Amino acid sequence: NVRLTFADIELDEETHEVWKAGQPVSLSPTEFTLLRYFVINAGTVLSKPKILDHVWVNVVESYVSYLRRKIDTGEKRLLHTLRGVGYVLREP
């Protein structure tokens, strides 16, 4: 998917460029892989071991946190936690 998108998040797999609300965002390779995994699986609740398996437990929490800081600090939050099940990318 040349351009890949969900809501107002945009990724370019060839350049590894990312935008949120039209503004560029600099991600490390792991952060990009992680965001891509959420976006391709938008709306699906993803456990930590599942994320760990596909992107590579505490490292998952760390990188979800890093990613949230770069891409999810606006009024409407797209990356959500639901305890004991995992994380989900979805509109409120």
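For every residue, the number given is its place in the sequence shown, counted from 1.
The top Cα temperature factor in the record, among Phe38, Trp56, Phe32, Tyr63, falls on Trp56. Per-chain ranking of the deposited C-alpha B factor places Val88 in the middle third. In this PDB entry, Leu82 carries a Cα temperature factor that places it within the highest third of its chain's modelled residues.
Sort the modelled residues of the chain by CA B factor and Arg69 lands in the lowest third.
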